[PDB]
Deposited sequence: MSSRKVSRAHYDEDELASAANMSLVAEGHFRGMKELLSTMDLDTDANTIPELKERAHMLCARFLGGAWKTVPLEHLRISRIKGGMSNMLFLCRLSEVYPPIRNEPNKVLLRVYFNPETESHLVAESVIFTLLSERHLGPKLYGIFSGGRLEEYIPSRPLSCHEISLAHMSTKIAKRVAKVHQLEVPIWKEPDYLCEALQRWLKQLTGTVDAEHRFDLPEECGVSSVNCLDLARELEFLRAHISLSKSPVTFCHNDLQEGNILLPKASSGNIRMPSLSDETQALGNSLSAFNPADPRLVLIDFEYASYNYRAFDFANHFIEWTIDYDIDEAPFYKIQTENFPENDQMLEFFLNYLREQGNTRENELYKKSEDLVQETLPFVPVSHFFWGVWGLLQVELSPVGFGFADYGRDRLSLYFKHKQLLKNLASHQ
């Protein structure tokens, strides 16, 4: 397939979708003829391929089943803990009406309610009025009590398995070249392992309070329904709240609406200014309601320092992720270049993490 391929014209894809919908939704989805099942590719983040499935007006729902559903397909290797956590999270958000209704979870994907809306652009999340809203939404996510592992082991656990799998997809003599401008011209899997050990040893020294985190607060997951809503908690877990902040601030510099390969553009100069990170925290702390008005500013200042160490953490995380997606994802995205760019940014800001020592 490709960016403009008509999903409906791919029989094998249509059948798999027909099967998934029938099995998880029942009712009209079970007997609807293939020609009366419409499938449309929907635009979304590089982590997944989205397909809007819908029943023609000729075969409307016969009960409480929806007439259209969103099929999300991912390419991240699944683990026991991940399957359990994701199921708990998705069901809880669904049950509390904090996200689209969940319809089903399967190996490598899920079916959920389709919400008419539009995501924010990279530029929009830098706008004061939007950033303010995001801050308040994030404050709420961080207050959620979710029945899953409470220690911030997610980052390292995920990376360790991803690196392990990566190490098994390339020859030992293989090396990934990086733009010298970062300080390191190339790295192999053994180096990545050593860097991961450094990351693990230092983030554990962080005093950033641990909370339930989204972990992928890029613009693509911040929607305006047709009031902002955060969705797709695919990477969600308990984690240092600083990671969610640092990761989000970094997203201000990564634009995904690029039509030319590698299909993304990084403008480090767009990273929020200190004052901008501070305004964000003022809104976040104010929303959580545990900080007196006369203490908000200094608490926000502290939050900024707490966040910086995780800037390189975010870069390493998605850097290794990007490199692994190369051999696993069918998404039309420059994963090879993306992983190398994020990794170079990791080395560029590695000292911010080292400072925790």
Comparing the deposited sequence with the modelled residues, which stretches have no C-alpha coordinates?
1-39, 266-295, 427-429
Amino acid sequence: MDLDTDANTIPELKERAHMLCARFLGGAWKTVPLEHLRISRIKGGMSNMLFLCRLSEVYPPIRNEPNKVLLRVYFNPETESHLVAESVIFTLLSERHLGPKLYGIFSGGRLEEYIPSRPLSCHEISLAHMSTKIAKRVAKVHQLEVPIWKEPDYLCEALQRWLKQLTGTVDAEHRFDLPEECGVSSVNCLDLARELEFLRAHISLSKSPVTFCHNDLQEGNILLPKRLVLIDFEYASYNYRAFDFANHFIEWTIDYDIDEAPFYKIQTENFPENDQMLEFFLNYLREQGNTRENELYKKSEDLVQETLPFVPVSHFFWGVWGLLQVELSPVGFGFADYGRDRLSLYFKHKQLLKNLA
From here on, numbers count along this sequence of modelled residues.
Highest mean C-alpha temperature factor of the two stretches 284-292 and 57-65, which is it?
57-65
Quick note on 185-193 and 171-179: per-entry mean CA temperature factor is higher in 171-179
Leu199, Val146, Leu230, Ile258, ranked by C-alpha B-factor: the highest one:
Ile258
Using only the C-alpha B-factors in the record, can you name which of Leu323, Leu34, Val304, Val313 has the highest?
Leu34
Lowest, middle or highest third - CA B-factor, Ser81
highest
Ranked by Cα temperature factor within the chain, is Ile89 in the lowest third, the middle third or the highest third?
lowest
Lowest, middle or highest third - CA B-factor, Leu70
lowest
Going by the entry, which third of its chain does the Cα temperature factor of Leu25 land in?
lowest
In terms of the CA temperature factor given in the entry, to which third of its chain does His123 belong: lowest, middle or highest?
middle
